[PDB]
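Participant: Quick one: this structure, given as structure tokens, is what I'll be asking you about.
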Amino acid sequence: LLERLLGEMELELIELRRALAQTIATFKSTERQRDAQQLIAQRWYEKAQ
Amino acid sequence: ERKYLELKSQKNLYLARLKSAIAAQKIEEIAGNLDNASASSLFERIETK
Ligand SMILES: Nc1ncnc2c1ncn2[C@@H]1O[C@H](COP(=O)(O)OP(=O)(O)O)[C@@H](O)[C@H]1O
């Protein structure tokens, strides 16, 4: 069992590693998306100047 | 016979308009707008990748 159990454990860990990366993508993606909106608002403010 | 021609002289005109708009719809959906940030635009899907 010991050999088989660890093999399953190692396989699971990389799956966790892969999944966490996808979380970072959205965290970065929305942040980049957020900057876009304020830039548009700046254009109107600059135009309103 | 006189009435016959007045139809044919217009049929080619309608087809041209139909081909113009149908193609335009095909182009626009592939616009790949950068602002979507949802994978609807294939470009932003690449950026997520
Ligand atoms: N001024 C704009 N013009 C066009 N698209 C915009 C504008 N502002 C925001 N968007 C984008 O339009 C997208 C529409 O969302 P979504 O439903 O995912 O795309 P689709 O319309 O292709 O289904 C949003 O994700 C957003 O990023």
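Please note that chains go A, B, ... in the order of the structure tokens, that every chain numbers its residues from 1, and that ligands are numbered from 1 in the order shown.
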Would you pick out the contacts of range 17-24 of chain A at 10 Å or less, using only C-alpha atoms, so that residues sharing its chain but fewer than 5 positions from it are not included, and give the list as a PyMOL selection string?

Facilitator: (chain A and resi 12+29) or (chain B and resi 48-49)

Participant: Store the residues picked out above, limited to C-alpha atoms, as a PDB file, in the first residue's frame.

Facilitator:
```pdb
ATOM      1  CA  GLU A  12      -2.676  14.794  -6.777  1.00  0.00           C
ATOM      2  CA  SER A  29      -6.811  39.420 -15.833  1.00  0.00           C
TER       3      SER A  29
ATOM      4  CA  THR B  48      -5.389  34.069 -20.743  1.00  0.00           C
ATOM      5  CA  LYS B  49      -3.392  31.131 -22.101  1.00  0.00           C
TER       6      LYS B  49
END
```

Participant: Can I get the residues of chain B within 12 Å of chain A, each with the closest pair of atoms and their distance in Å to one decimal, using only C-alpha atoms, sorted chain first then ascending number, as a tab-separated table?

Facilitator:
```
residue	atom	partner	partner_atom	distance
B:34	CA	A:33	CA	10.0
B:35	CA	A:33	CA	7.7
B:36	CA	A:33	CA	9.1
B:37	CA	A:33	CA	7.2
B:38	CA	A:29	CA	9.6
B:39	CA	A:29	CA	11.3
B:44	CA	A:29	CA	9.5
B:45	CA	A:29	CA	10.8
B:46	CA	A:25	CA	11.8
B:47	CA	A:29	CA	8.8
B:48	CA	A:25	CA	6.5
B:49	CA	A:25	CA	8.5
```

Participant: Take the selection from the previous step and output its residues with N, CA, C and O atoms, as a tab-separated table (two decimals), in the first residue's frame.

Facilitator:
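Writing the result to out-v3.tsv gives the following:
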```
chain	number	residue	atom	x	y	z
B	34	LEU	N	-10.55	43.09	-27.93
B	34	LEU	CA	-9.65	42.92	-26.79
B	34	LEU	C	-10.37	43.17	-25.47
B	34	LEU	O	-9.99	42.63	-24.43
B	35	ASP	N	-11.42	44.00	-25.49
B	35	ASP	CA	-12.08	44.41	-24.25
B	35	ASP	C	-12.96	43.32	-23.63
B	35	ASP	O	-13.35	43.47	-22.47
B	36	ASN	N	-13.27	42.25	-24.35
B	36	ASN	CA	-14.21	41.26	-23.82
B	36	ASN	C	-13.69	40.65	-22.52
B	36	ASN	O	-14.41	40.61	-21.51
B	37	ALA	N	-12.45	40.18	-22.53
B	37	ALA	CA	-11.84	39.59	-21.34
B	37	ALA	C	-12.68	38.43	-20.81
B	37	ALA	O	-12.81	38.24	-19.60
B	38	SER	N	-13.25	37.65	-21.73
B	38	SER	CA	-14.10	36.54	-21.37
B	38	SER	C	-13.89	35.30	-22.23
B	38	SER	O	-14.64	34.33	-22.08
B	39	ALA	N	-12.91	35.30	-23.13
B	39	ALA	CA	-12.61	34.25	-24.09
B	39	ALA	C	-13.58	34.28	-25.26
B	39	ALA	O	-13.42	33.48	-26.20
B	44	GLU	N	-8.27	37.52	-26.53
B	44	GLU	CA	-8.21	37.50	-25.08
B	44	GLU	C	-8.12	36.09	-24.54
B	44	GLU	O	-7.51	35.86	-23.48
B	45	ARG	N	-8.70	35.11	-25.24
B	45	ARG	CA	-8.51	33.72	-24.85
B	45	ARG	C	-7.04	33.34	-24.93
B	45	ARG	O	-6.52	32.64	-24.05
B	46	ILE	N	-6.35	33.80	-25.98
B	46	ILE	CA	-4.91	33.58	-26.07
B	46	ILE	C	-4.20	34.25	-24.91
B	46	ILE	O	-3.31	33.67	-24.29
B	47	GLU	N	-4.58	35.49	-24.60
B	47	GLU	CA	-3.92	36.21	-23.52
B	47	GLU	C	-4.05	35.46	-22.20
B	47	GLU	O	-3.09	35.38	-21.42
B	48	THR	N	-5.23	34.90	-21.93
B	48	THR	CA	-5.39	34.07	-20.74
B	48	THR	C	-4.45	32.87	-20.79
B	48	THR	O	-3.87	32.49	-19.77
B	49	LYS	N	-4.30	32.27	-21.97
B	49	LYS	CA	-3.39	31.13	-22.10
B	49	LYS	C	-1.96	31.53	-21.76
B	49	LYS	O	-1.24	30.78	-21.10
```

Participant: Based on DSSP run over this structure's backbone, return all residues of chain B in helix (DSSP H, G or I), as a ChimeraX atom specification.

Facilitator: /B:2-29,42-48

Participant: Just give me the gap between CA of residue 27 in chain B and atom 23 (O, counted along the ligand's line) of ligand 1 in Å, one decimal is fine.

Facilitator: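 These two atoms are separated by 15.2 Å.
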